[PDB]
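Step one of this worksheet: look at the structure below.
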Amino acid sequence: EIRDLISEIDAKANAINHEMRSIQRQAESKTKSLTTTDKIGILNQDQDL
Amino acid sequence: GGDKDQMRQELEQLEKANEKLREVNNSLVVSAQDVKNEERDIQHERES
């Protein structure tokens with residue numbers, strides 16, 4: 001049960017790692033309502049840029 | 001007696017190695033998921 005719990009909490013923490021990654025993304029998105037923090041990303045939109 | 005002593009020392013070093021392996025597996029999973037996402041995104045964009 002402990003090693004199963006180890007896998008369960010490792011998977012729970014892995015899901016939490018993906019969940020924390022999503023948190024970073026959504027937090028960045030909400031704070032990105034104002035002008036883009038870096039404009040090097042505007043040049044990634046098109047092959048010509 | 002010899003097995004008990006060697007197993008106890010090996011289990012201490014193995015718990016340390018298991019914690020290290022869990023950390024490195026988590027680091028490898030970050031990379032794995034990120035790569036798979038980048039792959040599917042590139043695929044869809046180029047196709048369209």
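Numbering starts fresh at 1 for the residues of each chain in the structure tokens, the chains themselves are lettered A, B, ... in the order given, and ligands are numbered from 1 as they appear.
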Show me, as a list in words, the residues that have an atom within 12 Å of stretch 31-34 of chain B when counting only C-alpha atoms, minus same-chain residues fewer than 6 positions from it.
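Skipping anything fewer than 6 positions along the chain leaves residues 14, 15, 17, 18, 21 and 22 of chain A; 24, 25, 40 and 41 of chain B.
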Quick one: which chain B residues come within 12 Å of chain A, and what is the nearest atom pair for each with the distance in Å to one decimal, counting only C-alpha atoms, rows ordered by chain and ascending number, as a tab-separated table?
residue	atom	partner	partner_atom	distance
B:18	CA	A:6	CA	10.9
B:19	CA	A:6	CA	10.9
B:21	CA	A:10	CA	11.7
B:22	CA	A:10	CA	8.0
B:23	CA	A:10	CA	10.0
B:25	CA	A:14	CA	9.9
B:26	CA	A:14	CA	7.0
B:27	CA	A:14	CA	10.1
B:28	CA	A:14	CA	11.2
B:29	CA	A:14	CA	8.2
B:30	CA	A:18	CA	8.0
B:31	CA	A:18	CA	11.4
B:32	CA	A:18	CA	11.6
B:33	CA	A:18	CA	8.8
B:34	CA	A:18	CA	10.0
B:45	CA	A:45	CA	11.4
B:46	CA	A:47	CA	11.5
Going by DSSP on the backbone, which residues of chain A come out as helix (DSSP H, G or I)? List them as number ranges by chain.
A: 2-31, 42-44
Would you save the residues from that selection as a CSV table (one decimal), in the first residue's frame, using C-alpha atoms?
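File written: out07.csv
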chain,number,residue,atom,x,y,z
A,2,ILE,CA,2.9,2.4,0.8
A,3,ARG,CA,4.6,1.8,-2.5
A,4,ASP,CA,1.2,2.0,-4.2
A,5,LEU,CA,0.7,5.3,-2.2
A,6,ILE,CA,4.2,6.3,-3.3
A,7,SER,CA,3.1,5.8,-7.0
A,8,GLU,CA,-0.3,7.4,-6.2
A,9,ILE,CA,1.3,10.6,-4.6
A,10,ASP,CA,4.1,10.6,-7.2
A,11,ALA,CA,1.3,10.6,-9.9
A,12,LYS,CA,-0.7,13.0,-7.7
A,13,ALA,CA,2.4,15.3,-7.5
A,14,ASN,CA,3.1,14.6,-11.3
A,15,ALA,CA,-0.5,15.7,-11.9
A,16,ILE,CA,0.2,18.6,-9.5
A,17,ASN,CA,3.4,19.4,-11.5
A,18,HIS,CA,1.2,19.5,-14.7
A,19,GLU,CA,-1.4,21.5,-12.7
A,20,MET,CA,1.3,23.9,-11.4
A,21,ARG,CA,2.6,24.3,-15.0
A,22,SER,CA,-1.0,25.2,-16.0
A,23,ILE,CA,-1.2,27.6,-13.1
A,24,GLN,CA,2.0,29.4,-14.3
A,25,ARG,CA,0.5,29.6,-17.8
A,26,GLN,CA,-2.9,31.0,-16.7
A,27,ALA,CA,-1.3,33.4,-14.1
A,28,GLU,CA,1.0,34.7,-17.0
A,29,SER,CA,-2.1,34.9,-19.3
A,30,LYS,CA,-4.1,37.0,-16.8
A,31,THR,CA,-1.2,39.4,-16.1
A,42,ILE,CA,5.6,38.8,-31.5
A,43,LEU,CA,8.3,37.9,-34.1
A,44,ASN,CA,7.6,34.1,-33.7
Could you please determine the separation between atom CA of residue B:39 and atom CA of residue A:33 in Å, to one decimal place?
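Those two atoms sit 27.4 Å apart.
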